[PDB]
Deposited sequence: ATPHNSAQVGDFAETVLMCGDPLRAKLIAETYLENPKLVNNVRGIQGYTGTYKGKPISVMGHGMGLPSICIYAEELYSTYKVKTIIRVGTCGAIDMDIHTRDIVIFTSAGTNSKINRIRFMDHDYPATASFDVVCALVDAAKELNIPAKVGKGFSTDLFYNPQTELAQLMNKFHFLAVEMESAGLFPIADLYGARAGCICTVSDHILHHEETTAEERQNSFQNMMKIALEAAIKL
């Protein structure tokens, strides 16, 4: 159907969970989905579709970086008529009050990428998670009674950031953590009148290096339950 997806319209559920690691997407499909069927493996992206509590749901990788997830997200909303994309993954803690293993729900994401400036006439576009998705994630967290931090994330184009002062600047402004996709995903959902959200588990702290399964499984529960609520 597309240069990066061999599936056809209807193969994907209207709600899709995505993570950078394709092997993690495969694990998620085998671990949490019932009757998961591989619907797309172009570039080994591991796109699956099955059901959770009877409802259709797909999971697929999106690679690392805004350019990568921008390709997959745009194709899913445009061609496969997907309605909701929830990003599930790992991130690096920034704020001194955030620690490894904490679960973070992004309200929005800042970025050092030029993509949003390109689509927004060189102005400041606030990559904001869909309010419905943020709410579904927070309610899911409250119902499961799993502690989760809600706030700003930062999508970097440079995992190995040359600008070492940025880290402290983000701590002063209280950005919760860093990942590499949210800022790209959110605006695309807006353009297609669709929805997007993101929830991550802190795998380490960037201002000081600091069981990882429990945290990840708890994050998956929140995302899966929230997907149902949506």
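Where C-alpha coordinates are absent, the deposited sequence of this PDB chain has only the segment 211-215.
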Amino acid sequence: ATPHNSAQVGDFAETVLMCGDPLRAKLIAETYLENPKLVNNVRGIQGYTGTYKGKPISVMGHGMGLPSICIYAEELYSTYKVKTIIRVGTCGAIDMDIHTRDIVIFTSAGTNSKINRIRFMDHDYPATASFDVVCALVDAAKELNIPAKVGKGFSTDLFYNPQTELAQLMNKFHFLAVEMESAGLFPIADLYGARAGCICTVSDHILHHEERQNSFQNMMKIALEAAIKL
From here on, numbers count along this sequence of modelled residues.
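Rigid core (definition): largest C-alpha set, two forms, superposition within 1.5 Å.
Structural divergence in 6 other deposited structures of this protein between 201-209 and 181-189: following superposition by the core, 201-209 has C-alpha atoms lying farther from the shown form. Per the PDB record, of the two stretches 109-117 and 87-95, 87-95 carries the greater mean B-factor over its C-alpha atoms. According to the PDB record, 143-151 carries the higher mean C-alpha B-factor of the two stretches 143-151 and 119-127. Which of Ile69, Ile57, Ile188, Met180 has the largest Cα B-factor in the deposited entry comes down to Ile57.
When the CA B factors of the chain's modelled residues are split into thirds, the value for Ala167 lands in the middle one. Placement of the Cα temperature factor of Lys37 within the chain: highest third of the modelled residues, per the deposited record. Among all modelled residues in this chain, the alpha-carbon of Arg195 has a temperature factor (C-alpha) in the lowest third.
Among all modelled residues in this chain, the alpha-carbon of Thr156 has a temperature factor (C-alpha) in the lowest third. Ranked by Cα temperature factor within the chain, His205 sits in the highest third according to the deposited record.
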